[PDB]
Every structure is written in C-alpha cells, then in structure tokens.
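Bear in mind that the values in this text are calculations on the coordinates, not laboratory data. Cβ placement follows ideal geometry from the backbone for every residue including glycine, while neighbour counts extend to all protein chains displayed.
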Amino acid sequence: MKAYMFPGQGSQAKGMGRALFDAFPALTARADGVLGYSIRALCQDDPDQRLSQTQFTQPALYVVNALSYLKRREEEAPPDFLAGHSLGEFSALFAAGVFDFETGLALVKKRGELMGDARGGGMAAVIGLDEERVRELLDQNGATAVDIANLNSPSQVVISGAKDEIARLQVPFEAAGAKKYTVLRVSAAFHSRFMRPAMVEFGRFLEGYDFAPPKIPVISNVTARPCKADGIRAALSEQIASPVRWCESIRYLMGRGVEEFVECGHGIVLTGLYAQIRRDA
Ligand SMILES: [Ca+2]
C-alpha cells in the first residue's frame, strides 16, 4: 500500500512547477481566473519575493501540489491514502474529489488572507528534542502562553504563542540540547486556541460551499485519523487553531499497513520528515 504526502508552507521555492505549468495549461489558466494574476509568473519569477508572503505562498503550493498529483495519476497506480501538511490538506482533498480545482484554490486564497491578516504572537521551529522534552521545558521556563503547534517528527516540533515568551525560550532550549531553534517569520501564533477568531471566520466561510465525499481517505492534521465525509468544515477550520499532528498521522498509516510514502509536490521536506518518523518507528 501507498500514501501521497502533500507539502505546505516552507517548501516553496523560486522556479517550482515549471514543467507542470507547461503540461497542464487548462488548470494553469483556470488558476489565473481564481487568483487574478499569472500563477506561472509567481512561481517562476517570484516578483518582489511574494512567494514568501503567505497570501501568495498558499495558492502557489496548492497549484503545484495539485498538478504534481495529476502527473502521478497519469503515470502510476492511485494511492491508497492521502495526507497533507497544513496547506497540503487542501491538495489532498482535491485529489480525493472532495471539491474541484477552482473551489480548493478559492479556499486556500481565503486561508492565505486570514493567516496573512492574523495578528498576535509568534512561532519557533525546534530541531533535536522530542515532544515530552519540549513540554517539560515550557513548564520549567514558565511559558504558560506557549503551546506545541506542529508535531512534525520525533525530533522536530514547532511551538507557538506569546512573542516575548517565544523569544525568551531560545537560549534555554539550545542549552537543553536543541540542535536548532529558529523564530519563524509569520504573522501570528498559528495552531493555538489563540487563532479561534480566524477559525470561526473560516468555518463560516466554508458554510457557503457544497462538498463531495472523499474517494480516497485523507488523514486529518487535527485528529491524525481519516476525515469524515460530514466533517470537512471542522477538519479545515479547526486545523488553524489546533496542533498539527503530522508525526501521528504518518504513524497511523504505518500501523494500517502502508509501506510506501511518496511526496507529491515541490521539494523533499516531507520526505526528510518521513525518514525520521520511520527510523524511530
Ligand atoms: Ca453549503
């Protein structure tokens, strides 16, 4: 059995998707229709570093992920399971037939606007400590406005919360054995109950759409279990205010009997996470 993994923010790069745009002109033009700019120019030329601005990053990654998937479906057998990292979930649900290409793109455009417009708090990526050790350190250092935002591998965790606490935790984390601690360039403390207003707004936005049942199961970042057909809105809206349970999602699939994990989209970010999850499991 085989799973496709769709990457999210952080995996974008100038020049990405070039060959896919060439091969899928209809979807390239349809994407332009939703966005109002050339999607190819955004990805290839990266005008004014817009690719690092989340309201453009998210559409770019969605389109490249979606076209990467369709290329794979022409050339090899369908996957048995799908999973996407944050933005990646939207491309996973597109692949599963939950919504059409345009709808998915409209949803990520809105997601990018909400997250770009978000204010308050920050985030840091931590390499070299497990979840338990991270939780212990937050406690020990009195960081009661900081929580775990991403569980990406057994040694890769993202934390999220009050800006001053995110700053102050760096040295103690490094002294505890973190191989790297990097304060991220983001608008706000994503993936905490802090983002509840954005969650509510996105949920209400999603009421205006009509979804179809997934034809291939999609593992939710919120639950680390397959999305229910009647729970698409909760899975997508609550995701932005909930911890991203990526490591658990991959372990769930391994426990189900999935042996092959393939990254579907630009880069090798999820491939590297998979190597670490598999090495530990
Ligand atoms: Ca509806």
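The angle between the Cα long axis of helix 246-255 and the main principal axis of the chain comes to about 70°, on a 0 to 90 degree scale. Highest mean first, the peptides 6-13, 160-167 sorted by other C-beta atoms within 10 Å per residue fall in the order 6-13, 160-167. Using only Cα atoms, tell me the angle between helix 54-75 and the longest principal axis of the chain; keep it within 0 to 90° and round to the nearest 10. With both axes taken from Cα atoms, the answer is about 60 degrees. Note: relative contact order over the chain, using C-alpha pairs below 8 Å and six or more positions apart, is 25 percent. Would region 91-139 count as rounded, prolate or oblate if I go by the C-alpha gyration tensor, calling it rounded below 1.5 in a/c and otherwise prolate when a/b exceeds b/c, oblate otherwise? Taking the square roots of the gyration eigenvalues as a ≥ b ≥ c, region 91-139 is oblate. Only beta bridges with both residues in the chain are counted; by DSSP, about 60 percent of them are antiparallel.
Under 1.5 on a/c is rounded, so check that first for region 61-133, then, if it is not, pick prolate when a/b is larger than b/c and oblate when it is not; a ≥ b ≥ c are the square roots of the alpha carbon gyration tensor eigenvalues. Walk me through the intermediate numbers first.
Details: a/c = 2.94, a/b = 1.40, b/c = 2.10.
Since a/c reaches 1.5 but b/c is at least a/b, the shape of region 61-133 is classed as oblate.
Show me 210-220, 88-98, 233-243 ranked by packing, highest mean number of other Cβ atoms within 10 Å first.
Numbers: 210-220: 17.5, 88-98: 25.6, 233-243: 21.0.
In decreasing order of mean packing, 210-220, 88-98, 233-243 become 88-98, 233-243, 210-220.
If you take all other residues with their beta carbon under 12 Å from the beta carbon of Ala143, and give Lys and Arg +1 and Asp and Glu -1, the sum is -2. Highest mean packing first, where packing is the average number of other Cβ atoms within 10 Å per residue, the peptides 202-209, 42-49, 117-124 line up as 117-124, 42-49, 202-209. Taking a ≥ b ≥ c as the square roots of the eigenvalues of the Cα gyration tensor of region 97-170, is the shape rounded (a/c under 1.5), prolate (a/b larger than b/c) or oblate? Here region 97-170 falls in the oblate category. Relative to the dominant Cα principal axis of the chain, helix 25-35 is inclined by about 60°. So what does log10 I(q)/I(0) come out to for the chain at q = 0.12, 0.15, 0.16 Å⁻¹, using the Debye formula with one equal point on every Cα and no solvent? Scattering profile of the chain, log10 relative to I(0): -0.73, -1.15, -1.30. Could you pull out the pairs from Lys71/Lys109; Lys14/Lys71; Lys71/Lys110; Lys109/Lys163 whose alpha carbons sit more than 32 Å apart here? Check vs 32 Å cut-off fails for no pair.
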